[PDB]
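Only one chain is given next, in structure tokens, and it is the form deposited in one PDB entry.
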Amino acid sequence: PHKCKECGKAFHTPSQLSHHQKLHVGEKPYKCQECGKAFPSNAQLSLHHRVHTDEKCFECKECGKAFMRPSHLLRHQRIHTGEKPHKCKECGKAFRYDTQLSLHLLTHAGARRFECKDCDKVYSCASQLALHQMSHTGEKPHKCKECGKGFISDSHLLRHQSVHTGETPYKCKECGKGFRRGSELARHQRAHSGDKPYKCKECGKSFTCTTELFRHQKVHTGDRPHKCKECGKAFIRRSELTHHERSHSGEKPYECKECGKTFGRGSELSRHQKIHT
């Protein structure tokens, strides 16, 4: 009769609790083959796995990840402790990492600024500025051995290989459906429970999703690009303008086999194909 270490949802029989934690297990698909510890990404698993292969590492006993010098471990552990030992001498704002404090200092006089020459961004050091400047140059050095498309980092390349693998590693334990990212499995689990944390300030409707709410609010804020170059009609989706520009040309891409009838959009040829069902 505890609260879960993940959600905090108060399940109040000892067996109604362990029945509850069964539902979380698909969230962490990468399992260590020597202790069984599970992680949400292969990269995190490698940080833990060092403990079975490198004698010279320092392991976090709270999550199982290990590092190659004690100071790396002490710095990681502030994720668990909440300690923020880097405080701004000018304004007293405390941060967890020196890297964060270095960027905050840009908001006071006399920090060394590393300013970009194509936008107004400024960074705290040379390496960050070179990183950002790649967005201007378009450079994308890690190329999909398959797609041929470029990405700014190897993690991005790997992430994009879902496209070339269809693998769906994160499992709902209610439905059995898998997902490519824990974030999407997360949203799916909120769909089950109706947990809709993203409430619209104008209508009041709530959404499971950050993306779903943002699209919905595009009606109060009349934010509509892709205007018609022929009749000026302005739309919300890039796919609206494809539907309506097919009304000018009179094009009817989707037609029924049975009916022989023709529609400008597919959501009807699915709707009408339901007559013969």
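We number the residues from 1 along the sequence you see. So that the term is clear: the rigid core is the largest set of C-alpha atoms that superpose within 1.5 Å between two forms.
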Study note, to complete from the structure: Higher avg CA temperature factor (66 to 74 vs 218 to 226, as deposited) belongs to 218 to 226
Exercise for review: Averaging the C-alpha B factors as listed in the entry, name the stretch that ends up higher: 125 to 133 or 199 to 207.
Suggested key: 199 to 207
Exercise for review: Would you mind checking which of 34, 240, 54, 27 has the top Cα temperature factor in the PDB entry?
Suggested key: 240
**Study point:** CA B-factor placement of residue 83, once the chain's modelled residues are sorted into thirds
**Key:** lowest
Exercise for review: Check where residue 59 lands among this chain's C-alpha B-factors and tell me if it's the lowest, middle or highest third.
Suggested key: lowest
Point to revise | residue 146 - which third its CA temperature factor falls in, relative to the rest of the chain | key: highest
Practice item. Please place residue 45 in the lowest, middle or highest third of its chain by C-alpha B factor as given in the entry. Key: lowest
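One more form of this protein should be noted, the form deposited in another entry, which is absent from this view; the next part is about it.
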**Study point:** Rigid core superposition, residue 268 Cα moves 2 angstroms or more between this form and the one not shown
**Key:** no
Check your understanding: Does residue 81 count as moved between this form and the one not shown, where moved means a C-alpha shift of 2 angstroms or more after fitting the rigid core?
Key -> no
Check your understanding: Once the two forms are fit on the core, has residue 132 moved its CA by at least 2 Å between this form and the one not shown?
Key -> yes
Review point. Hey, the CA atoms of residue 195 and residue 7 end up closer or farther in that other deposited form than in the shown form, with the change being 3 Å or more?
Key: farther
Check your understanding: Did residue 7 and residue 79 drift closer or farther in that other deposited form, going by a CA distance change of 3 angstroms or more?
Key -> closer
